[PDB]
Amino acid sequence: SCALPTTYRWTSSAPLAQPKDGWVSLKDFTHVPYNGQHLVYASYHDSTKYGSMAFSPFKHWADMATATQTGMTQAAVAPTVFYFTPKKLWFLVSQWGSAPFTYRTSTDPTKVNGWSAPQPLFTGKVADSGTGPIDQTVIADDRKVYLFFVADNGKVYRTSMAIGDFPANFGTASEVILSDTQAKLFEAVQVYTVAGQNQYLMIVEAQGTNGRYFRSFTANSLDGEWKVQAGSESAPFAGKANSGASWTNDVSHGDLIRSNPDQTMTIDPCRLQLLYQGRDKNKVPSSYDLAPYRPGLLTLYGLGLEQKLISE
């Protein structure tokens, strides 16, 4: 069985790429499989600001370090990329600029600067947050499309629309679905359909005493109740305690590897992997925004498909 484990254990790659000259970090990854290749969009930070970028499509993770890094002329910070089958169109969702969250569309998601003009996807605000809504994800079932987000404030938020309405502005409304301390429900929410397991998986980034880490929750439906799965820093979904990463304490904002680029955000638990951001634990960053984040890949320990998966 590929059922998600009670106790997670991973092995990690080394840093998978360095930012090209003029950039300090690569962050906040979103990945889709595309024509047999890895297609990764990301935030980046330079000396003074954030932007967004993509890597040239690459077959193997070893390839990521030399893939070409192309900046987007219109920033799409903390992006989400997927294919929306009921419109036969690719979507890139992001924060800031013309609306709290925006969407843009394309027939070919590898045209880094070929996306449509952004339109509003969400125009709400939330209470008790110094950032406002950040770090969206989007995911659908057969009935509805859902937007989940966080706010640096201990809360996870949700809104939805009918499947047949998408895309449109979700609007101004949102609901708190999880609440805890600021540290416990902080950033980088992601939600997935777990293939073959008849369930949904949520991960949320938390600030731990040893580093950033992910906490997991599961639900029976996207409009259902989320209950904690692996929520402690000592036994997290993914963190210093169980990553196998020697180079980074942080296990931070990224994307599980999706089996299917579509709007269901499906993952194959038999092939469970996390594309994350980490940073050198042996240097103290100048500032958070100058932190030297880099991509890394976790692969779950003990998979039946381990060898086939690791060797690609």
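Counting begins at 1, following the sequence as shown.
Higher mean CA temperature factor between 95-103 and 162-170: 95-103, per the PDB entry. Two stretches are in play, 282-290 and 48-56, and the higher mean C-alpha B-factor belongs to 282-290. The maximum CA B-factor among the listed residues 210, 123, 80, 190, taken from the PDB record, is found at 210. For the set 40, 267, 62, 275, the PDB entry puts the maximum C-alpha B factor at 62. Sort the chain's modelled residues by C-alpha temperature factor and residue 205 lands in the lowest third, per the entry.
When all modelled residues of the chain are sorted by CA temperature factor, residue 196 is found within the highest third. Residue 139: CA B factor in the lowest third of modelled residues in this chain (values from the PDB entry). In the deposited entry, the Cα temperature factor of residue 152 sits in the bottom third of values across the chain's modelled residues. Residue 215 sits in the lowest third of its chain by CA B factor, as recorded in the PDB entry.
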